[PDB]
Structures are given as C-alpha cells and as structure tokens.
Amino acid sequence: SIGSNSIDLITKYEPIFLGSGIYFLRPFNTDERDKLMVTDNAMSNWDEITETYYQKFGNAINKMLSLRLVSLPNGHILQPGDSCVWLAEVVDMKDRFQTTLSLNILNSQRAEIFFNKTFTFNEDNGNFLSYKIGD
C-alpha cells in the first residue's frame, strides 16, 4: 500500500443496493427525499415498460421494506400492517429523471406499483402523499 492513502469524500446521497440493478439513494441531508436509481441496461427505455420492470421493482421494494429504510412523517418506521402512498423519482446513473414510482401499500400482504412518467415533484415535497398507521 506504499505511498498515498485513499480517503472517502462526503457525497450527497448514499446508495444502497436493492438488487435487480436498482439502488435506494438516501440523501445525507435528512431534510431531502429518497430517490431510486436504475443501473440495469434492460431498464433503460421507459417508453416500452414491460412486465419485467414491475417484477424487478417488486423485488427491490420488498428488499427496501425488509431493510426498514423508510419511515413515516411522524418519524415511525414503516411497519407491516401500515398502508400508504409513497413516491420517488427514478433516475439513471447520470441523475436524469426516468419516471416517478408510485408505491401503494394496501395492507401487510399487497402493494400496487405504478410508473408515472409525467408526474413531476415539487422541490418541497417529501416521499409520502398519504399514510395510515394500522395494527
């Protein structure tokens, strides 16, 4: 290791691998919102959205939930039994907007995901449109 030493610089977002070429982007600034980043070349074209887009994102969402990465606006961790509408920009590796992901958790067993290419976020929005703390 002779010579200089490597140091890590502080980044805006910390990327956490959800699998299927998808990353959870968590901003170091706790005041700004979580994003998702697609690195998979088979998900580069957001016009022709096929079922495998849904199947991969399904897996990434489950992982995100297992990791307990998201918490409600009250500060409480999103726990099974809860229901919500959670939104996030999906960007590529050059931070370009691809679509908005809508995640609609209905109960502990089922969610609906929807890709909305035309829904733009306002600067001051968080990730939650709505939620409901359940059993």
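We number the residues from 1 along the sequence you see.
- Look at the mean CA B-factor for 5-13 and for 123-131 in the entry; the higher one is 5-13.
- For the two regions 86-94 and 26-34, the entry's Cα B-factors average higher over 26-34.
- Remark: of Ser102, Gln55, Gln79, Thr99, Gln79 shows the highest value [criterion: C-alpha B-factor in the PDB entry].
- Sort the modelled residues of the chain by CA B factor and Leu106 lands in the middle third.
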